Amino acid sequence: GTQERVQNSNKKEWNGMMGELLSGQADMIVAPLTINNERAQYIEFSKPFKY
Amino acid sequence: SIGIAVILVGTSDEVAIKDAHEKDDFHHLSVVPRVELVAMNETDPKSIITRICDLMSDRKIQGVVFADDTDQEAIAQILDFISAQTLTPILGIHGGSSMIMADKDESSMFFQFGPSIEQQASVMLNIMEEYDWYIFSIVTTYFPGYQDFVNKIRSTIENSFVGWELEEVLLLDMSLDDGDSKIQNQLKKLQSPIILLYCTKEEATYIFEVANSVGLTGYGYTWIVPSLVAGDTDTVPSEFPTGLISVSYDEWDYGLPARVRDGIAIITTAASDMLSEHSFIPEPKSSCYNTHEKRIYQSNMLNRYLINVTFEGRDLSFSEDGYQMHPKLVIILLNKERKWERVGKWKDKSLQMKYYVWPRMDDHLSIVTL
Amino acid sequence: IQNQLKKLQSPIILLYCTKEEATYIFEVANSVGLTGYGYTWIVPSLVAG
Amino acid sequence: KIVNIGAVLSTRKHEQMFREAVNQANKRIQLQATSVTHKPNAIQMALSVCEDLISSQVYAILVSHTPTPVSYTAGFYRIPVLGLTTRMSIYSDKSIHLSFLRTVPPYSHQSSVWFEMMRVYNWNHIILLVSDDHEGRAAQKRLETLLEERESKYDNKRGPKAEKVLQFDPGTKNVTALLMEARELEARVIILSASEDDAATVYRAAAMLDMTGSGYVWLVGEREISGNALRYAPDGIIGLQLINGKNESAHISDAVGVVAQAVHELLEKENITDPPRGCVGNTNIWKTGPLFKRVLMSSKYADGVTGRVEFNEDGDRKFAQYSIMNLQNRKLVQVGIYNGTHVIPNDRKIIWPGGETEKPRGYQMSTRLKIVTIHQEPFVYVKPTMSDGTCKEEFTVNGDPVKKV
């Protein structure tokens, strides 16, 4: 999941499981998901469980 | 068929009376038009309504078009009213009768020429792009219609991939005299290169004054401000600094006959399109006597197309709440010699400026590479 | 005076004048926003009477 | 001197009451009074006010029950207009009307009581069902205006927040989908701000999807415990009541003292000009309109039934006094009194929703979460199932079982 322009416009939407979370479609991502700054501004990351 | 009236109150414009007969094109769309014209000296409300309400009946007129020159504050409201109490379409096109009422009765059909405040915000952003300023603030009084401003800014600031920035968004209070030094206080904080502002002209005088006090008027502070701060485009107050930029929409664009051209084009294009598929010709409606809303069905069916109309290549499609969708705007720019200069024009969701570089009132160089 | 006063953008500031001049200048500094927090000031005795 | 004031009401009785009431505080510059009746077919209406009051030397106009043209016309010329009956939230537009100074606060104000209840019963989660013409847009705006407060620099405490803001349509036939998507959220606090039908076809819709059982909460507005808001009302509801009431002759007397307390401030002889008689083209206007108004809206103590009658920073009645109301399945019965900063409940039975005399928490934390994953071999294997419907068992190297879902 990542941000991308759509509609030949500047509207920013996500993809895949991250988008399925932010859209409330999911509730928790129990999966191998990394930790970065760009996702940290819309989501709550637990402490890391694998370095 | 449907009648079509015009009213030219106060402003002697007796060149245009020969121009209303620019309508020799209606045969190409062919709904039987009926054009009645009238002028008037400067007047009072009762004269307006009384000279108005009979014109429908006396010649079977269903629709009018307004134009005058006076204080654009309130003259619109009476039109907005009369719109409601017969279900008749009134397309106000000129100074005075053309001033953007924010929201109005939902059951009324009445439209204006002029950009709503969101379009003015978008134009401001297009400009800040074109000349690549990127760090701007927003100063605001409590005057109505400010939430729409700041929200329409913050919206398009978040989608765009461009690296927009922002800073403090002040909400001042011009209520009591005690807050004046408080106004100074809340004004101290700002430290931005560019600044936007939303107020009314008196508030602008006041604020540019206090800005001169706290040193927020000179060079180092570019300013952008919508039309509703620039009044008549020649009575410049003494506080407005040089280079003050503002969107606007004026006659230097086009003439009173030009706007009257478009306006005697729309109401003889659309009340032909509504009779292109259906076969229900609106009837010449009733007096200004009793609230007869029997034929209210087609009034909604009149909105079904009066929003969307293109002509002579140009499009005059509308929004819903009563202002045109694609508004032809320009920009003005206060000179050093106290005059508003036409320094670029905006159309087609695009800009066509006049300068490749921005002038100023030295530490700015022009260097060459290969 | 206001004009020449606008230019400054320093964290700390020193000043040399007499007490009446100090009244005047702190006044105009309050005008152009040069009196609050963000502006520490140091000034010799000849200003404190 | 001679000063005139007019009014357009529907009762000939108060017409005499107004002149009597100004004649009372007259003794405490001759201040006279005028009045005019009311009529239907509002087209003809503005063909009355101008020739009947601008003919005089008016300095205000009083109106009562209908949003007729008397808002626009006298607003032209900028002559302050005083309101009695109606309080739709549209008249607060400084820009639309420079005319109304009003007496009955507007619906959109009643969302300040609510933000109080959410601190005297400690509910920190809500569901909001605004309407969609204008009033809701306003009510929601003024409510969000409060909930944005309490920004923590009390001393590291928890504060309220919005959860979902459904916006149905003012003309609606089948509306259950919004309700269906409402119960899915956690809370059980509902704030329904709408009109009569706009609540009848919600009350008749939330009891049939069982949204009014126990643990539930409803705060409504005066138009929602009104008339046809009893044919389907949710027993255990909570509604509000202001102690001014819809009484025409209640505070016309109160209004008089407001201009009275102002004519002696207008006799400052700075610059006064008469309001021009006739309705035939005194084009530009300045009756000290801005000035005279600035006078009026600055602490004029209305000689009236309510104390310390002030004028808010915009022009509507400030510091009213409400009285918390409640229903027990048939009888709308007082349970409290709201007074500015005074939140004061009474002593009687609050049959909460469902008839359970608890003070339910506005919260129901869910259990059945939903999880999302992606095929990834070291972490998340993906293998088809067995044909029966389960999938195959397995033991690890040590022979221990392996947990599949």
# chains A, B, ... in the order shown; residues from 1 in each chain; ligands from 1
>>> residues_around(residues="region 6-9 of chain A", least_positions_apart="6", cutoff="10 Å", atoms="only C-alpha atoms", output="list in words")
residues 159, 160 and 161 of chain B
>>> residues_around(residues="residue 5 (chain C)", least_positions_apart="2", cutoff="12 Å", atoms="only C-alpha atoms", output="VMD selection string")
(chain B and resid 213 to 215) or (chain C and resid 1 to 3 7 to 10 25 to 34)
>>> write_last_selection(atoms="C-alpha atoms", output="compact mmCIF listing (two decimals), in the first residue's frame")
# COMPACT_ATOMS: atom_id res chain seq x y z
CA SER B 213 1.99 50.12 13.47
CA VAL B 214 3.52 46.70 14.15
CA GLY B 215 5.58 46.92 10.99
CA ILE C 1 12.59 56.44 13.60
CA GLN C 2 9.95 53.77 13.10
CA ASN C 3 11.35 53.17 9.61
CA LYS C 7 14.88 46.43 10.04
CA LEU C 8 16.08 44.60 13.16
CA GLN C 9 15.56 40.85 13.50
CA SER C 10 17.93 39.86 16.26
CA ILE C 25 12.14 54.17 22.15
CA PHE C 26 10.54 51.43 24.22
CA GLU C 27 7.28 53.13 23.31
CA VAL C 28 7.93 53.03 19.57
CA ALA C 29 9.32 49.52 20.03
CA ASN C 30 5.99 48.52 21.52
CA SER C 31 4.48 50.05 18.40
CA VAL C 32 6.57 48.05 15.91
CA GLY C 33 6.42 45.00 18.13
CA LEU C 34 9.91 45.20 19.64
>>> residues_around(residues="region 101-113 of chain B", least_positions_apart="4", cutoff="8 Å", atoms="only C-alpha atoms", output="ChimeraX atom specification")
/B:76,79-81,83-84,87-94,145,303,321-324,327 /D:96
>>> write_last_selection(atoms="N, CA and C atoms", output="mmCIF file, in the first residue's frame")
data_model
loop_
_atom_site.group_PDB
_atom_site.id
_atom_site.type_symbol
_atom_site.label_atom_id
_atom_site.label_comp_id
_atom_site.auth_asym_id
_atom_site.auth_seq_id
_atom_site.Cartn_x
_atom_site.Cartn_y
_atom_site.Cartn_z
ATOM 1 N N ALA B 76 -29.426 43.471 -4.374
ATOM 2 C CA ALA B 76 -29.625 42.103 -4.833
ATOM 3 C C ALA B 76 -30.736 41.408 -4.070
ATOM 4 N N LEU B 79 -34.246 41.460 -5.374
ATOM 5 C CA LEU B 79 -34.365 40.536 -6.488
ATOM 6 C C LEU B 79 -34.476 39.105 -6.005
ATOM 7 N N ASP B 80 -33.582 38.699 -5.106
ATOM 8 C CA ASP B 80 -33.626 37.351 -4.553
ATOM 9 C C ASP B 80 -35.004 37.027 -4.004
ATOM 10 N N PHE B 81 -35.607 37.983 -3.314
ATOM 11 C CA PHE B 81 -36.965 37.822 -2.824
ATOM 12 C C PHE B 81 -37.929 37.588 -3.976
ATOM 13 N N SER B 83 -37.663 36.783 -6.870
ATOM 14 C CA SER B 83 -37.444 35.479 -7.469
ATOM 15 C C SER B 83 -38.349 34.436 -6.851
ATOM 16 N N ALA B 84 -38.528 34.490 -5.536
ATOM 17 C CA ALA B 84 -39.192 33.400 -4.848
ATOM 18 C C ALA B 84 -40.702 33.457 -4.985
ATOM 19 N N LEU B 87 -41.662 32.262 -8.872
ATOM 20 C CA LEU B 87 -40.876 31.275 -9.610
ATOM 21 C C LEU B 87 -40.573 31.776 -11.027
ATOM 22 N N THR B 88 -39.772 32.841 -11.067
ATOM 23 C CA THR B 88 -39.314 33.459 -12.300
ATOM 24 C C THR B 88 -37.798 33.597 -12.287
ATOM 25 N N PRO B 89 -37.136 33.335 -13.412
ATOM 26 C CA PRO B 89 -35.670 33.342 -13.438
ATOM 27 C C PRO B 89 -35.145 34.742 -13.697
ATOM 28 N N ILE B 90 -34.291 35.227 -12.802
ATOM 29 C CA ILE B 90 -33.732 36.571 -12.888
ATOM 30 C C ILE B 90 -32.216 36.473 -12.899
ATOM 31 N N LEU B 91 -31.595 36.934 -13.978
ATOM 32 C CA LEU B 91 -30.154 36.801 -14.166
ATOM 33 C C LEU B 91 -29.528 38.174 -13.985
ATOM 34 N N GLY B 92 -29.195 38.513 -12.751
ATOM 35 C CA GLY B 92 -28.641 39.822 -12.495
ATOM 36 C C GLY B 92 -27.249 39.983 -13.058
ATOM 37 N N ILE B 93 -27.073 40.876 -14.030
ATOM 38 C CA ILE B 93 -25.743 41.100 -14.575
ATOM 39 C C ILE B 93 -25.363 42.569 -14.642
ATOM 40 N N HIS B 94 -24.907 43.133 -13.528
ATOM 41 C CA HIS B 94 -24.048 44.311 -13.524
ATOM 42 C C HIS B 94 -23.811 44.737 -12.089
ATOM 43 N N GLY B 145 -18.729 34.038 5.967
ATOM 44 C CA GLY B 145 -18.112 33.418 4.822
ATOM 45 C C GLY B 145 -16.632 33.165 4.949
ATOM 46 N N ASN B 303 -35.091 24.753 -13.764
ATOM 47 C CA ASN B 303 -33.740 24.556 -13.267
ATOM 48 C C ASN B 303 -33.054 23.365 -13.909
ATOM 49 N N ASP B 321 -26.163 26.807 -6.703
ATOM 50 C CA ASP B 321 -26.611 27.857 -5.797
ATOM 51 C C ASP B 321 -26.656 29.236 -6.434
ATOM 52 N N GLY B 322 -26.395 29.348 -7.731
ATOM 53 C CA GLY B 322 -26.667 30.596 -8.416
ATOM 54 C C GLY B 322 -25.481 31.454 -8.793
ATOM 55 N N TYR B 323 -24.405 30.839 -9.264
ATOM 56 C CA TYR B 323 -23.339 31.601 -9.889
ATOM 57 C C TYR B 323 -22.679 30.723 -10.943
ATOM 58 N N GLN B 324 -22.203 31.364 -12.006
ATOM 59 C CA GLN B 324 -21.767 30.639 -13.187
ATOM 60 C C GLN B 324 -20.567 29.756 -12.879
ATOM 61 N N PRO B 327 -16.048 31.084 -14.508
ATOM 62 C CA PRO B 327 -16.100 32.545 -14.494
ATOM 63 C C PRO B 327 -14.837 33.196 -15.030
ATOM 64 N N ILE D 96 -26.177 38.754 5.206
ATOM 65 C CA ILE D 96 -27.461 38.652 4.531
ATOM 66 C C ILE D 96 -28.427 39.697 5.058
#
>>> select_by_dssp(residues="region 105-339 of chain B", states="alpha helix (DSSP H)", output="PyMOL selection string")
chain B and resi 117-130+146-159+179-188+201-213+256-266+270-277+296-303
>>> closest_residue(among="C:22, C:12, C:6, C:42", to="chain B", atoms="only C-alpha atoms")
C:6
>>> interface_residues(of="chain A", to="chain B", cutoff="10 Å", atoms="only C-alpha atoms", output="number ranges by chain")
A: 4-5, 9-13
>>> closest_atom_pairs(of="chain D", to="chain B", cutoff="10 Å", atoms="only C-alpha atoms", output="JSON lines")
{"residue": "D:40", "atom": "CA", "partner": "B:290", "partner_atom": "CA", "distance": 8.5}
{"residue": "D:41", "atom": "CA", "partner": "B:290", "partner_atom": "CA", "distance": 5.3}
{"residue": "D:42", "atom": "CA", "partner": "B:291", "partner_atom": "CA", "distance": 7.9}
{"residue": "D:43", "atom": "CA", "partner": "B:288", "partner_atom": "CA", "distance": 6.3}
{"residue": "D:44", "atom": "CA", "partner": "B:289", "partner_atom": "CA", "distance": 6.9}
{"residue": "D:46", "atom": "CA", "partner": "B:46", "partner_atom": "CA", "distance": 8.1}
{"residue": "D:47", "atom": "CA", "partner": "B:46", "partner_atom": "CA", "distance": 7.1}
{"residue": "D:48", "atom": "CA", "partner": "B:46", "partner_atom": "CA", "distance": 9.9}
{"residue": "D:50", "atom": "CA", "partner": "B:46", "partner_atom": "CA", "distance": 7.8}
{"residue": "D:51", "atom": "CA", "partner": "B:46", "partner_atom": "CA", "distance": 9.1}
{"residue": "D:68", "atom": "CA", "partner": "B:81", "partner_atom": "CA", "distance": 9.7}
{"residue": "D:69", "atom": "CA", "partner": "B:81", "partner_atom": "CA", "distance": 7.6}
{"residue": "D:72", "atom": "CA", "partner": "B:77", "partner_atom": "CA", "distance": 6.8}
{"residue": "D:73", "atom": "CA", "partner": "B:45", "partner_atom": "CA", "distance": 7.3}
{"residue": "D:74", "atom": "CA", "partner": "B:45", "partner_atom": "CA", "distance": 9.8}
{"residue": "D:75", "atom": "CA", "partner": "B:74", "partner_atom": "CA", "distance": 8.1}
{"residue": "D:76", "atom": "CA", "partner": "B:74", "partner_atom": "CA", "distance": 6.3}
{"residue": "D:77", "atom": "CA", "partner": "B:74", "partner_atom": "CA", "distance": 9.3}
{"residue": "D:78", "atom": "CA", "partner": "B:74", "partner_atom": "CA", "distance": 9.7}
{"residue": "D:90", "atom": "CA", "partner": "B:104", "partner_atom": "CA", "distance": 9.2}
{"residue": "D:92", "atom": "CA", "partner": "B:144", "partner_atom": "CA", "distance": 9.5}
{"residue": "D:93", "atom": "CA", "partner": "B:144", "partner_atom": "CA", "distance": 6.8}
{"residue": "D:94", "atom": "CA", "partner": "B:144", "partner_atom": "CA", "distance": 6.7}
{"residue": "D:95", "atom": "CA", "partner": "B:144", "partner_atom": "CA", "distance": 6.5}
{"residue": "D:96", "atom": "CA", "partner": "B:101", "partner_atom": "CA", "distance": 7.2}
{"residue": "D:97", "atom": "CA", "partner": "B:74", "partner_atom": "CA", "distance": 8.8}
{"residue": "D:98", "atom": "CA", "partner": "B:74", "partner_atom": "CA", "distance": 9.4}
{"residue": "D:133", "atom": "CA", "partner": "B:106", "partner_atom": "CA", "distance": 8.3}
{"residue": "D:134", "atom": "CA", "partner": "B:103", "partner_atom": "CA", "distance": 9.2}
{"residue": "D:141", "atom": "CA", "partner": "B:147", "partner_atom": "CA", "distance": 9.8}
{"residue": "D:278", "atom": "CA", "partner": "B:44", "partner_atom": "CA", "distance": 9.7}
{"residue": "D:279", "atom": "CA", "partner": "B:44", "partner_atom": "CA", "distance": 6.4}
{"residue": "D:280", "atom": "CA", "partner": "B:44", "partner_atom": "CA", "distance": 5.3}
{"residue": "D:281", "atom": "CA", "partner": "B:44", "partner_atom": "CA", "distance": 4.3}
{"residue": "D:282", "atom": "CA", "partner": "B:44", "partner_atom": "CA", "distance": 7.0}
{"residue": "D:283", "atom": "CA", "partner": "B:44", "partner_atom": "CA", "distance": 6.2}
{"residue": "D:284", "atom": "CA", "partner": "B:71", "partner_atom": "CA", "distance": 8.7}
{"residue": "D:294", "atom": "CA", "partner": "B:175", "partner_atom": "CA", "distance": 9.8}
{"residue": "D:298", "atom": "CA", "partner": "B:176", "partner_atom": "CA", "distance": 9.6}
{"residue": "D:313", "atom": "CA", "partner": "B:175", "partner_atom": "CA", "distance": 7.1}
{"residue": "D:314", "atom": "CA", "partner": "B:175", "partner_atom": "CA", "distance": 9.1}
>>> write_last_selection(atoms="C-alpha atoms", output="mmCIF file, in the first residue's frame")
data_model
loop_
_atom_site.group_PDB
_atom_site.id
_atom_site.type_symbol
_atom_site.label_atom_id
_atom_site.label_comp_id
_atom_site.auth_asym_id
_atom_site.auth_seq_id
_atom_site.Cartn_x
_atom_site.Cartn_y
_atom_site.Cartn_z
ATOM 1 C CA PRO D 40 -51.245 37.015 3.877
ATOM 2 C CA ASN D 41 -49.880 36.864 0.318
ATOM 3 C CA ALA D 42 -46.495 38.212 1.358
ATOM 4 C CA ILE D 43 -46.083 39.809 -2.078
ATOM 5 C CA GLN D 44 -48.345 42.611 -0.883
ATOM 6 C CA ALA D 46 -43.597 44.962 1.543
ATOM 7 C CA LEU D 47 -46.169 47.194 -0.141
ATOM 8 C CA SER D 48 -47.300 47.941 3.418
ATOM 9 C CA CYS D 50 -42.608 51.205 3.717
ATOM 10 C CA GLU D 51 -45.651 53.436 3.346
ATOM 11 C CA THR D 68 -41.782 37.833 5.552
ATOM 12 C CA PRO D 69 -40.064 40.588 3.529
ATOM 13 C CA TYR D 72 -35.135 42.893 3.626
ATOM 14 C CA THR D 73 -36.873 46.186 2.941
ATOM 15 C CA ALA D 74 -36.279 48.014 6.198
ATOM 16 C CA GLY D 75 -32.821 46.453 6.110
ATOM 17 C CA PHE D 76 -32.295 48.559 3.058
ATOM 18 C CA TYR D 77 -31.790 52.040 4.547
ATOM 19 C CA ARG D 78 -30.112 50.158 7.427
ATOM 20 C CA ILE D 90 -30.609 31.842 9.071
ATOM 21 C CA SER D 92 -27.556 35.332 12.132
ATOM 22 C CA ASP D 93 -25.958 36.178 8.790
ATOM 23 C CA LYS D 94 -24.475 39.603 9.335
ATOM 24 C CA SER D 95 -24.010 39.824 5.576
ATOM 25 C CA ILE D 96 -27.461 38.652 4.531
ATOM 26 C CA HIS D 97 -29.384 40.824 6.986
ATOM 27 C CA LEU D 98 -28.172 43.993 8.630
ATOM 28 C CA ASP D 133 -31.063 22.165 4.531
ATOM 29 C CA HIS D 134 -29.378 24.873 6.580
ATOM 30 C CA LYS D 141 -21.066 23.987 12.940
ATOM 31 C CA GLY D 278 -41.532 58.727 1.963
ATOM 32 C CA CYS D 279 -40.447 55.695 -0.027
ATOM 33 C CA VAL D 280 -39.495 57.356 -3.294
ATOM 34 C CA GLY D 281 -35.738 57.644 -3.563
ATOM 35 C CA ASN D 282 -33.669 58.991 -0.693
ATOM 36 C CA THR D 283 -31.137 56.750 -2.364
ATOM 37 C CA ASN D 284 -28.173 56.633 -0.002
ATOM 38 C CA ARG D 294 -23.471 50.059 17.898
ATOM 39 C CA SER D 298 -23.897 47.499 23.795
ATOM 40 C CA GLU D 313 -21.286 39.603 19.832
ATOM 41 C CA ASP D 314 -23.579 39.134 16.816
#
>>> select_by_dssp(residues="region 103-255 of chain B", states="strand (DSSP E)", output="list in words")
residues 110, 111, 112, 136, 137, 138, 139, 140, 169, 170, 171, 194, 195, 196, 197, 198, 222, 223, 224, 245, 246, 247 and 248 of chain B
>>> write_last_selection(atoms="C-alpha atoms", output="mmCIF file, in the first residue's frame")
data_model
loop_
_atom_site.group_PDB
_atom_site.id
_atom_site.type_symbol
_atom_site.label_atom_id
_atom_site.label_comp_id
_atom_site.auth_asym_id
_atom_site.auth_seq_id
_atom_site.Cartn_x
_atom_site.Cartn_y
_atom_site.Cartn_z
ATOM 1 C CA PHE B 110 -31.880 33.571 -9.274
ATOM 2 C CA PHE B 111 -28.335 33.768 -10.545
ATOM 3 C CA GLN B 112 -25.445 36.177 -10.717
ATOM 4 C CA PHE B 136 1.842 31.626 3.273
ATOM 5 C CA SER B 137 -0.351 32.557 6.214
ATOM 6 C CA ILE B 138 -4.008 33.551 6.552
ATOM 7 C CA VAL B 139 -5.429 36.465 8.553
ATOM 8 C CA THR B 140 -9.164 36.626 9.081
ATOM 9 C CA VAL B 169 -4.300 31.074 10.704
ATOM 10 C CA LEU B 170 -5.399 33.957 12.909
ATOM 11 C CA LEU B 171 -9.003 34.724 13.795
ATOM 12 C CA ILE B 194 3.578 35.966 1.939
ATOM 13 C CA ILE B 195 0.232 36.675 3.590
ATOM 14 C CA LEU B 196 -3.429 36.293 2.661
ATOM 15 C CA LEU B 197 -6.246 38.270 4.227
ATOM 16 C CA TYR B 198 -10.028 38.153 4.354
ATOM 17 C CA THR B 222 3.394 40.630 -0.205
ATOM 18 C CA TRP B 223 -0.382 40.594 0.214
ATOM 19 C CA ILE B 224 -3.258 38.972 -1.651
ATOM 20 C CA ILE B 245 -2.581 42.002 -5.412
ATOM 21 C CA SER B 246 -6.214 41.041 -5.779
ATOM 22 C CA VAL B 247 -8.417 38.985 -8.007
ATOM 23 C CA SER B 248 -11.319 40.871 -9.515
#
>>> residues_around(residues="region 124-134 of chain B", least_positions_apart="5", cutoff="12 Å", atoms="only C-alpha atoms", output="compact mmCIF listing (two decimals) with C-alpha atoms, in the first residue's frame")
# COMPACT_ATOMS: atom_id res chain seq x y z
CA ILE B 117 -15.18 32.72 -2.75
CA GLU B 118 -13.83 29.20 -3.34
CA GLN B 119 -12.90 30.03 -6.92
CA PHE B 149 -12.42 30.34 2.71
CA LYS B 152 -11.39 25.53 0.62
CA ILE B 153 -7.76 26.46 1.16
CA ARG B 154 -6.95 23.60 3.52
CA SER B 155 -8.67 21.11 1.23
CA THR B 156 -6.62 21.69 -1.90
CA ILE B 157 -3.53 22.11 0.25
CA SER B 160 -1.74 18.26 -4.19
CA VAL B 162 3.22 20.01 -4.65
CA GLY B 163 5.15 20.88 -1.53
CA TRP B 164 2.70 23.36 -0.06
CA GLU B 165 3.29 24.82 3.38
CA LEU B 166 1.26 26.87 5.82
CA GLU B 167 1.51 28.90 9.00
CA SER B 192 5.65 34.79 7.08
CA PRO B 193 6.97 35.92 3.68
CA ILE B 194 3.58 35.97 1.94
CA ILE B 195 0.23 36.68 3.59
CA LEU B 196 -3.43 36.29 2.66
CA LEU B 197 -6.25 38.27 4.23
CA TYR B 221 5.25 41.33 3.02
CA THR B 222 3.39 40.63 -0.20
CA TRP B 223 -0.38 40.59 0.21
CA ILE B 224 -3.26 38.97 -1.65
CA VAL B 225 -6.88 39.73 -0.94
CA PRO B 226 -10.15 38.95 -2.74
CA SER B 227 -12.31 41.45 -4.58
CA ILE B 245 -2.58 42.00 -5.41
CA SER B 246 -6.21 41.04 -5.78
CA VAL B 247 -8.42 38.98 -8.01
CA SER B 248 -11.32 40.87 -9.52
CA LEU B 329 -11.58 36.50 -14.05
CA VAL B 330 -8.57 38.79 -14.19
CA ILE B 331 -6.05 40.10 -11.70
CA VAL B 343 -1.54 42.46 -14.95
CA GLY B 344 -2.89 39.07 -16.01
CA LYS B 345 -6.03 37.09 -16.70
CA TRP B 346 -7.26 33.62 -15.78
CA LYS B 347 -9.45 31.30 -17.81
CA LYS B 349 -8.65 26.70 -15.38
CA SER B 350 -5.40 28.21 -16.59
CA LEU B 351 -3.37 31.41 -16.41
CA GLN B 352 -2.08 33.79 -19.09
CA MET B 353 0.06 36.33 -17.26
CA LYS B 354 1.89 39.33 -18.68
CA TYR B 355 5.24 39.16 -16.87
CA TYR B 356 7.74 36.33 -16.89
CA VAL B 357 9.20 37.69 -13.66
CA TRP B 358 7.68 39.57 -10.76
CA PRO B 359 8.50 43.27 -10.41
>>> residues_around(residues="residue 195 (chain D)", least_positions_apart="5", cutoff="10 Å", atoms="only C-alpha atoms", output="VMD selection string")
chain D and resid 131 135 to 136 170 200 221 to 226 229
>>> interface_residues(of="chain D", to="chain A", cutoff="9 Å", atoms="only C-alpha atoms", output="list in words")
residues 369, 370, 371, 372, 373, 374, 375, 376, 379 and 380 of chain D
